[PDB]
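To begin, one chain is listed below as C-alpha cells, in the form deposited in one PDB entry.
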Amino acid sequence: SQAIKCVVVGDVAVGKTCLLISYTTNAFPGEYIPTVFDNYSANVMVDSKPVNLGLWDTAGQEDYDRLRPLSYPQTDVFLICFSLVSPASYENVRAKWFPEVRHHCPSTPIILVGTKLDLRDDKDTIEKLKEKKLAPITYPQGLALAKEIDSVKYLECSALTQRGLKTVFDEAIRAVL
C-alpha cells in the first residue's frame, strides 16, 4: 500500500479539521472545536498505486507553536491552508506557515489550498468582508501565492459542499509517488 504521511497546517479556523473529517467521513462536523493535534487515516487507490494515507491535523493557534513541529518529522507532503474568505490567513502563509514549514522540512512537496470555496461568492460574507475594506481572495491571487512559495500545486475547495475536496488529497498523493 505504501505509507504516505500528510500534514495540514494553517491559520486558526481556516477549516483544516473539517477538510480532513469531511474527506474521511463525508460528514461535516459542527462542532466548532479548536484543535491541539489529531490523527486520521485513509486507504485510497491512486492511479491504479494503492496507498496508506496518514493525516495529521495541527493546531492553528500560535500558543501551540512548540507542539506543532513535533508532527513534521518524516512528512512526505504538506497542505498549507488559508481561507478564501480570510486575507489575513492568506498573508500568514507568506509570513508564518511557509517559513515555519521550510525551516523544518526544506525539501518536502507543498500543496497550497484555499478553503471555504463556497463562501467565495457568498452575499452575507462579501458584505462583512468589504465592511473591513477587504475582499475574498480570488483564483488568480491564490495562484500567485502558489508561485511565490513554489507549491507543487494550488487548489481551492469547500469541505461543506465537497467541491474539489477529493482532488486536494488525490494531488497530495500524486505529489509523492
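Shifts are known only where both forms have a C-alpha. Only the largest set of C-alpha atoms that superpose within 1.5 Å between the two forms is called the rigid core. One-based numbering along the sequence shown.
Residue stretch of maximal mean CA temperature factor, 141 to 149 vs 24 to 32: Going by the record's values, the stretch with the higher mean is 24 to 32.
Greater mean Cα temperature factor according to the PDB record, 120 to 128 or 55 to 63: Going by the record's values, the stretch with the higher mean is 120 to 128.
Given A95, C105, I80, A88, the residue at which the Cα B factor reaches its maximum: Largest recorded C-alpha B-factor: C105.
Options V46, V113, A135, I110 - largest CA temperature factor per the record: Of the options given, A135 has the highest CA B-factor in the PDB entry.
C6 CA temperature factor, ranked by third within the chain: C6: CA B-factor falls in the lowest third of its chain.
Record-listed C-alpha B factor of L177: chain third: CA B-factor rank for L177: lowest third.
Chain thirds of CA B-factor: placement of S158: For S158, the deposited C-alpha B-factor lands in the middle third.
What comes next is about the form deposited in another entry, which does not appear here.
Shifted position (C-alpha, 2 Å or more, core held fixed) between this form and the one not shown, chosen from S151, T125, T108, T35: After core superposition, the single residue displaced by 2 Å or more is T35.
Comparison of CA distance in the other form with shown form for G10, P34, at least 3 Å: Result: farther.
Closer or farther in the other form: C-alpha pair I33, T161 (3 angstroms or more): Nearer in the other form, by 3 Å or more.
Segments displaced between this form and the one not shown (3 or more residues, each Cα shift of 2 Å or more, core-superposed): This is the sole shifted run between this form and the one not shown: 30 to 37.
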